[PDB]
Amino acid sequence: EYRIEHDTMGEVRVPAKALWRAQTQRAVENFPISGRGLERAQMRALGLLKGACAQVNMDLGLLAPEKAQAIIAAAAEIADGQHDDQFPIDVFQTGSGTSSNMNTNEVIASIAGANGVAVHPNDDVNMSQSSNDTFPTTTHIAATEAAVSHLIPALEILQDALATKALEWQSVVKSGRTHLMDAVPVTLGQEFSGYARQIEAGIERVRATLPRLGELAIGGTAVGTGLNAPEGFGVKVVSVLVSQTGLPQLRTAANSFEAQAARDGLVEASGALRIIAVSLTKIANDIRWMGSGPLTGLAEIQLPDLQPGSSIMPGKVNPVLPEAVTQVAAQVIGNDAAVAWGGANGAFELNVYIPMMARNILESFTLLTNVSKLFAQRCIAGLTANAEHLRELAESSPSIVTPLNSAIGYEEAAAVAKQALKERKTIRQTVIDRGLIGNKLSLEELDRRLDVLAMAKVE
């Protein structure tokens, strides 16, 4: 069954039980493109913002209290997730988010009406607002919340897991590799201190975006001038948003025209996630190479078994968490290109790529948050080192000749390494065989310098 609703273009048949109205239904028919709509966090921010705007409009005497309280109560239901099935509009809608803004206005109107209070979706629920400031405001609320409350705490869990291994393995000597070739000794702990620093720097990179990611366009209305909103509307709404979210990073935009003509802060936020994707690729690739084998690979560490590896090769177990991490990183890199493409292509007073940009930046936050915690807890925490094998690798590298450079010179040290490899002799015995024990190098000094744990220079 259907019922008739109307907008300024005419009457529209709407499913009888739906809480949306005419403009949402038009958008259902105009944009059946991906079949996916707003995320939970986006509908939360829309509900939060519509409640805050009604509160301020009531505070200022522009909106009657009976109407404002009914809107506040309905918006709270939306923010809480009680009506997510009432937001059927595709991501790939009009690029201002007008349709999803009106979706929220219409659903609020229907909830309020069922409670005996008539509010107009435009005149009341959208009072003092445009899609052009509210929709990017909800996007930046959701992204700031994702960065502060979800991603950074997940990166902290991962940094801690890596740093714990850096400490546990501080004296687990192994052969360094550069260009994939035998190098001088390092410890596993040293390598994991590098990974931990990459994640720590990732947190610094996300934090550096927050002063502009947290900028909200609310109050600029149609074009940035604030037309049809009272003086200070944006400042007053942001104050309510900070109180409701506990996110002091939210703020009014430095320039109200920049905040609507562009979404540069979303490009910036995505760029930090892109670096984290780059860092995680290196960490996860190293960890699965360390776990490669057990007999045809490096066999440096053992990853926790998480599931049977193979439908055909029995007993084989694969590095599935590194695979999830590196695939997530690839997705973040692609999403980042989509965000930047949208960001560059604003025109005059409005960038109309907001729903697409919002989808991609919020997804990148979600993927990185979730996979970083899983990587920490289901992979890093349970790694074990094959320390005996690692020392054997360290002692087998021909590059352990390197600390002899100051005693015999680079060219002779190179001759030592090549002869040792050719004759399948040790560095120590080749140094002796080449007659190098003498005024420039004693046996005692040779053995001191070839000690691989000392050569790793553990701090």
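All residue numbers are counted from 1 along the displayed sequence.
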> Should the higher mean CA B-factor in the entry be assigned to 339-347 or to 248-256?
Replying inline: 248-256
> Once you work out the mean C-alpha B-factor for both 385-393 and 363-371 from the entry, which is higher?
Replying inline: 385-393
> Going by the entry, which of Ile33, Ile400, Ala45, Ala407 has the most elevated CA B factor?
Replying inline: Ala407
> Taking the Cα B-factors listed in the entry, which of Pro185, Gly265, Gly224, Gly232 comes out highest?
Replying inline: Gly232
> With respect to C-alpha B-factor, does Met356 fall in the lowest, middle or highest third of the chain as deposited?
Replying inline: lowest
>> Splitting the chain's C-alpha B-factors into thirds, which one does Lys165 fall into?
In response: middle
> Taking the entry's C-alpha B-factors for this chain, is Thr94 in the lowest, middle or highest third?
Replying inline: lowest
>> Please place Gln327 in the lowest, middle or highest third of its chain according to the CA B-factor in the PDB entry.
In response: lowest
> C-alpha B factor of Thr134, ranked within the chain: lowest, middle or highest third?
Replying inline: lowest
